[PDB]
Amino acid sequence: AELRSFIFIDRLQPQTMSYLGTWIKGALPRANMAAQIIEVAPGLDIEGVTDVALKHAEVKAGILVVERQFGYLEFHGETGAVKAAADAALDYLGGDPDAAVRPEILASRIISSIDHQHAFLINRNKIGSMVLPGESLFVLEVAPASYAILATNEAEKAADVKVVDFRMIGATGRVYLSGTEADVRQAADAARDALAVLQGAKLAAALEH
């Protein structure tokens, strides 16, 4: 009924991958691997997607989740295999990647010089890297939620920031990044730019004529 995301991660970054590895129930990715993430509604449709994907290439599935509303599949491996499995999944889902719901940024803020108590509270909630008092913190909320992994991975590509937390499953996705102010602003720019590439996908046709 709804393709909420169809996300190719060309190369997973270390902190992003390490954070995934903290909670995902499936196969744990090797360094620098490509990955595909698919989110659908209704959630249970993802079971059929997973069946098709796994049986079309040698990919390792790290995520299979049917939450309250939506279903999620992630798989990774050699780039060739990931693309092949993704393409099979896509054909199963209508064959058009631009049918996917565009990401929306619901909230984004850079908090400069995080307060001591505030860092303590965040570090109690988060399962990734530690935020320090005085650091800057970037927070981003996106829907569909799965797009949080794209925002996070692209942020890490562009800046030496810490992945404090990111959630890519639910009604909305969340991204928490910390570091020096310049690094955090740079990382925030890259995360927003990554979503903008998707938001402006149909611009491609305008440029091809």
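Numbers for residues come from their place in the sequence shown, where the first is 1.
- Looking at mean Cα B-factors across 144 to 152 and 59 to 67, the upper value is held by 59 to 67.
- Judged by mean Cα B factor in the deposited record, 191 to 199 ranks above the other of 191 to 199 and 5 to 13.
- For the set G179, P29, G173, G48, the PDB entry puts the maximum C-alpha B factor at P29.
- Taking only the listed residues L137, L90, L106, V101, the entry reports the highest CA temperature factor at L90.
- Placement of the Cα temperature factor of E39 within the chain: lowest third of the modelled residues, per the deposited record.
- The deposited CA B-factor of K83 belongs to the middle third of values across its chain.
- The PDB entry assigns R124 a C-alpha temperature factor belonging to the highest third of its chain's modelled residues.
- Sort the modelled residues of the chain by CA B factor and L73 lands in the lowest third.
- In the PDB entry, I169 places in the lowest third of its chain by CA B-factor.
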